[PDB]
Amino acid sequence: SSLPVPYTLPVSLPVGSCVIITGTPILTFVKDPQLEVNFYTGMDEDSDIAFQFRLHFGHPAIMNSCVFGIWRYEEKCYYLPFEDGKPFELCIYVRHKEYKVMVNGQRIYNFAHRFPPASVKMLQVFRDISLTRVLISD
């Protein structure tokens, strides 16, 4: 039913295209389960990354003390309410000057291009997910 993880795919992502990534979080093996998506400008692991998207599936909780006006050593964890992950659709739409990032149809960010979109040659998707679909749409 799925795709191997890590998943690597040569891609062309011109303006007007969209990367659609769907899957289910795996919340049972690591304390800070996350999704990582990389857009590489070449085919090697050596090459530059035009755009990395990392999404944490938990809620960060940060604890600390303030002594003599100075915050001290931070202690952090990720709160995971439900123990099954909510299936997600990540959509990265390529606009002329930005990537428009949507999670479950909700726009969360507009990331201004730091390389021309045509520089992207390869997509990588990995970490704490069961991968269902990866496609490039228009």
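Each residue number is its position in the shown sequence, starting from 1.
Two stretches are in play, 62 to 70 and 27 to 35, and the higher mean C-alpha B-factor belongs to 27 to 35.
Look at the C-alpha B-factors of 10 to 18 and of 120 to 128. On average they run higher in 10 to 18. Remark: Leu55 belongs to the lowest third of its chain, ranked by C-alpha B-factor as recorded.
In the PDB entry, a CA B factor belonging to the highest third of its chain's modelled residues is recorded for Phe82.
Among all modelled residues in its chain, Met43 ranks in the highest third by Cα B-factor.
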